[PDB]
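Here the structure is laid out as structure tokens; the discussion comes afterwards.
The analysis underlying the following values was restricted to heavy atoms, covering all of them including side chains, and did not include hydrogens, waters or symmetry mates. All ligand and atom numbering here is 1-based and tracks the order in the structure. The chains referred to below are lettered A, B, ... by the order of the sequence lines, with proteins before strands, and numbering in each begins at 1.
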There are 4 protein chains.
Amino acid sequence: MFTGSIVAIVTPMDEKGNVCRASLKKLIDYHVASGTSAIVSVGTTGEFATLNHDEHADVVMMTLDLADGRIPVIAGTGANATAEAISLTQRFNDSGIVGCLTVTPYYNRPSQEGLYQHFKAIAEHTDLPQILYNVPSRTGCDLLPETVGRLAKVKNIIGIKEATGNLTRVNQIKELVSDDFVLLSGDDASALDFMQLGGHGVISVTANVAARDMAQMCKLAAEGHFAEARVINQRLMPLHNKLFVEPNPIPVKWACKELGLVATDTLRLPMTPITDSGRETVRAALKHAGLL
Amino acid sequence: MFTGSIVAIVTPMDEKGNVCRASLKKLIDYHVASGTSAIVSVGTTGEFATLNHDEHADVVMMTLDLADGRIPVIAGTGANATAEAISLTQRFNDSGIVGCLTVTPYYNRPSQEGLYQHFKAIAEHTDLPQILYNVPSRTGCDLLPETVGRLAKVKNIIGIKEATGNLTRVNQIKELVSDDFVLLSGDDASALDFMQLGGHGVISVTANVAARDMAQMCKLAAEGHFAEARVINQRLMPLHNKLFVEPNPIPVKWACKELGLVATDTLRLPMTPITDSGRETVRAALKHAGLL
Amino acid sequence: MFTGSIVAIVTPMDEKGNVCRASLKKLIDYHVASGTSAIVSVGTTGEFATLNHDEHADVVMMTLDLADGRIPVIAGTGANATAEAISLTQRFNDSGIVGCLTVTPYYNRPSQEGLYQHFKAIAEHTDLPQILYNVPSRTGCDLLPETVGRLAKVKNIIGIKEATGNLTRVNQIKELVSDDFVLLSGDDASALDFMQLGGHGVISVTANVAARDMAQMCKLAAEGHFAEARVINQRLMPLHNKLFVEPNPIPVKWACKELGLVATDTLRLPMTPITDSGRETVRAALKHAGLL
Amino acid sequence: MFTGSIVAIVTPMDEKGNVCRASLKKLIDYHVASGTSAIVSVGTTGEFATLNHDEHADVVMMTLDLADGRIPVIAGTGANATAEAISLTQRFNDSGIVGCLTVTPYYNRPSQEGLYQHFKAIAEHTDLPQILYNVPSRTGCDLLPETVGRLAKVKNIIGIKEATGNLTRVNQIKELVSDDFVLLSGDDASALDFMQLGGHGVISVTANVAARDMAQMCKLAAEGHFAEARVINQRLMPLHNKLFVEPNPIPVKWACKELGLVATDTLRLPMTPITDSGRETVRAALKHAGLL
Ligand SMILES: [K+]
Ligand SMILES: [K+]
Ligand SMILES: [K+]
Ligand SMILES: [K+]
Ligand SMILES: [K+]
Ligand SMILES: [K+]
Ligand SMILES: [K+]
Ligand SMILES: [K+]
């Protein structure tokens with residue numbers, strides 16, 4: 001599944017920074033019960049940056065095992081070296097994942113042609129559906145609509161997670177791709193607007209703690225019921241913003257702890273513990289959403 | 001050690017994308033003959049993004065072996081996970097390098113507290129001198145002067161490569177740190193200005209192909225001869241700019257090949273070969289500098 | 001009328017820079033025949049910057065005389081001194097204009113409270129409907145949704161021309177104002193998207209040369225027929241962009257000349273004649289729109 | 001004439017918003033006693049935006065009368081219509097001012113060719129020396145070094161007030177103009193850096209309230225005594241920043257009133273009175289500078 005509310009799930013950790021299977025189970029069960037469409041395993045919110053490839057693969061496999069066929073899993077598989085992205089992708093071939101979420105190379109700032117070659121090469125070497133991921137604020141590059149157009153002609157490049165927050169991208173991309181290419185927001189605060197313009201869903205941070213409301217908002221949006229969806233979005237908007245009051249996923253992990261969904265809010269350096277002021281801000285946003 | 005013209009050396013490759021020892025030897029000999037002060041091995045221009053940690057270490061070690069004590073070698077040791085940066089640094093402990101160039105975490109956009117903890121932890125696991133490296137256009141994060149001041153209190157944090165191109169940073173940082181903290185430009189086009197404001201040298205892309213001119217410029221700067229230095233700077237300014245006409249190190253590799261310094265201009269994906277228009281632009285800049 | 005396609009009309013000039021009544025007549029007749037909703041007289045596109053208040057008033061009065069009740073006229077009345085905006089507004093009281101388009105103060109960068117006091121004072125001293133105008137790229141300030149909310153409580157502040165091109169503003173403003181407050185795009189390239197998100201129309205540059213297609217696009221949008229509207233927008237998109245290839249209204253005045261709607265393309269300094277390359281670009285966009 | 005510490009003097013007002021002659025006299029006497037090099041009358045800090053051309057001229061003439069030959073006076077003469085800038089400049093021909101400070105057109109965002117024609121036309125209608133003024137945050141346009149070079153060829157275009165805060169501009173401009181073209185900072189916080197790179201002085205906001213310190217800083221800079229100058233700069237740095245805590249000249253007027261230099265801190269809308277929090281911030285900065 002690549003439409004609706006898709007959660008970019010936290011990778012819950014014990015006090016030593018290792019994956020907590022009991023906490024992950026509790027989250028997966030929460031998502032299955034709350035109508036979430038799919039789980040993105042080891043995306044940005046899942047601390048792809050600080051897991052090594054072996055730990056990253058373990059978390060994906062654990063998520064698949066725990067999901068037990070009840071909800072589709074999409075693995076984060078991006079890298080800034082095209083060889084490394086190919087290598088990682090191969091680890092998930094025949095794993096049970098339904099697709100891959102593959103970020104534009106970060107740090108090395110490739111040209112558009114470089115992005116086109118990168119993603120084309122990755123797609124060539126798997127049969128799994130690829131979802132492109134553009135997030136210039138993190139990577140230093142910006143995958144532009146014209147290049148997305150070129151890449152959407154590759155059979156298994158099936159959609160994009162567009163995280164610029166620049167809503168003009170929706171119809172710039174739509175007009176260059178086929179009707180079956182999936183356009184997904186990667187920016188919770190602008191995601192309803194993104195769907196109202198023609199987007200098909202959201203890969204969401206907020207969904208980690210407001211799964212049912214996100215699932216209903218996206219269904220209403222898909223049906224055209226934008227005023228109804230906006231009521232929900234209004235209750236969630238402080239959370240959409242304040243989950244970024246300190247770097248993601250610091251706030252959302254604390255929120256998950258506060259609700260009891262995970263045992264600890266531990267992250268890996270260079271992510272640090274939430275500040276007291278951030279705890280107060282996040283708490284207030286949770287209460288506005290009706291979650292506490 | 002850490003003053004004058006420091007080259008961020010290319011990692012020359014064969015056609016297969018692996019290090020070319022004969023080319024590396026030719027470059028290192030060139031920098032020795034030219035008066036380059038030190039070599040940064042596997043920085044940004046050295047393709048740190050696309051070498052694995054083993055390959056990266058092999059290049060550092062080969063570069064030290066070839067330098068043969070004639071020219072000091074600083075290793076790139078950055079990582080966006082603190083654990084990984086500690087592991088990489090540890091590879092070089094007792095190696096012969098004279099210090100490490102450690103970039104702020106990329107992609108995960110840590111807070112200033114996170115940057116402080118990251119670099120403090122790395123410094124605690126080594127005796128080698130650490131040069132911080134701030135390059136927000138690539139990383140998505142900006143190590144601010146206040147935090148540089150905080151880190152400068154750690155015994156073996158001894159300088160910064162400041163690649164914002166924001167010259168106000170020179171005296172902001174200088175006022176918060178001791179007189180022996182080293183300020184180095186990471187932006188060739190502004191570097192002479194940077195030294196004019198108080199900085200101590202440059203970690204340079206341009207020095208790959210204009211080593212003698214860069215070293216002469218920097219010597220003139222250190223002696224307070226800015227007008228003489230500026231004549232050299234004006235001859236090099238088109239190269240300083242046009243070596244970024246396409247993403248670094250695509251142009252500077254091509255230029256090295258054109259000058260006979262390396263055997264091939266091969267890079268690793270997602271870096272792609274220079275375009276015809278790029279060749280013509282860089283060619284013109286080399287001509288303007290008197291190098292061709 | 002404050003919904004649909006509203007043209008920010010050129011102020012056509014003879015070779016001496018004085019208003020050409022014959023050309024203005026021809027444009028007004030064109031707009032009446034083409035279904036344009038209203039005319040904004042002496043907006044940005046009408047060279048408000050370079051007419052003095054007397055010439056500005058003359059152009060508004062001439063436009064009203066020529067319109068002859070067949071199409072509503074809205075006057076540009078903004079200023080960067082609140083006294084001057086009040087003064088100008090008074091000149092149009094009982095003129096026959098239906099409302100005023102009042103830009104945020106430019107150059108002096110007032111606070112939000114300063115904008116609130118400015119516009120509140122202007123509204124206080126007229127009975128005419130006021131349309132706020134936010135265009136940060138020109139003015140150096142940005143009238144934020146929270147302040148728009150406060151101002152919409154003033155009886156005769158009835159809407160906003162939102163020219164940031166930042167589409168998140170539509171629903172940020174909508175949720176703070178009553179259902180009868182008019183949200184109008186001031187950015188042609190994003191205007192259909194702006195209407196799709198809840199906007200009511202556009203105050204348009206493109207409409208000066210594509211009046212019928214703009215009028216139909218906005219009607220289709222108002223009816224919810226966005227796919228049909230987008231077909232039109234696709235044919236117009238090169239014009240939406242290339243009418244800004246050189247500073248507005250340089251391109252649109254040349255376009256109006258080329259179509260025969262005005263006798264000369266003259267502007268006032270510091271606007272200069274269109275370049276040959278700009279003529280070629282604009283011509284190509286006109287042909288894409290089917291206008292030549 | 002055009003070196004050292006030049007004050008962009010406030011236009012002190014009574015409670016009605018009209019010039020206060022007794023206050024203006026007190027300020028001018030202060031600048032004479034302090035060693036200020038020249039006074040810019042009705043620049044940005046002087047509320048050029050909210051004075052009409054008659055009122056503006058009255059203030060310039062009163063300032064010259066009060067200066068009584070003791071201190072040179074430069075008039076603000078900018079306008080965003082070329083005709084209006086020529087008319088304003090003509091008011092001062094044969095007045096006794098020593099030159100004009102002429103800002104790039106604001107709001108209408110002319111091209112570089114337009115900027116060239118604007119300033120060339122203004123220069124042709126006067127014998128007075130012209131200082132260009134670039135302040136893109138306020139105007140929406142950026143007079144680039146190449147164009148400054150082109151204009152510097154006009155006999156009576158003799159310098160620039162560079163208020164970008166982009167210190168690379170100093171040597172970019174200096175390389176394109178003659179040795180006697182004057183480079184002045186328009187950004188107090190970077191001005192000492194600006195002089196360190198080659199600039200000749202500053203047109204300052206801070207000098208309204210720290211005149212003696214500013215003049216001493218600038219003298220030390222001209223003599224090459226940067227470290228001594230920097231101690232003064234460090235004492236003033238909070239004022240350099242916090243005089244923009246609210247929009248200029250709201251804080252600097254308040255500060256003048258607090259110091260007994262002016263009778264009232266009144267400004268014209270859309271500038272509003274300083275907030276309580278602003279008073280506390282500016283108070284603290286004045287204390288840090290040793291002025292209170
Ligand atoms: K990593
Ligand atoms: K395939
Ligand atoms: K496809
Ligand atoms: K230290
Ligand atoms: K004007
Ligand atoms: K009223
Ligand atoms: K109202
Ligand atoms: K000159």
Taking the K ion (ligand 3) as the vertex, measure the angle between atom O in A/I157 and atom O in A/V154; round to 10°.
80°
Backbone or side-chain N/O/S of B/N80 under 3.4 Å of the K ion (ligand 1):
yes
Counting backbone and side-chain atoms alike, does A/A49 have an N/O/S atom under 3.4 Å from the K ion (ligand 1)?
yes
For B/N248 and B/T44, test the side chains for any donor-to-acceptor distance below 3.5 angstrom and give the result as yes or no.
no
A/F181 near the K ion (ligand 3) via N/O/S, less than 3.4 Å
no
Strictly distance-based, threshold 3.5 Å: is any side-chain N or O of A/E246 a donor or acceptor partner for the main-chain N or O of A/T272?
no
Pair C/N134-C/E162, side-chain donor/acceptor within less than 3.5 Å:
yes
Any residue meeting ring pair (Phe, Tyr, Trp, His ring centres under 6.0 Å) with B/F48, in chain and number order, not counting sequence neighbours
A/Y107
Counterpart residues, ring pair (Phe, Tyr, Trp, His ring centres under 6.0 Å), relative to A/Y133 (two or more places apart):
none
Near the K ion (ligand 7), is there an N/O/S atom from C/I158 that is less than 3.4 Å away?
no
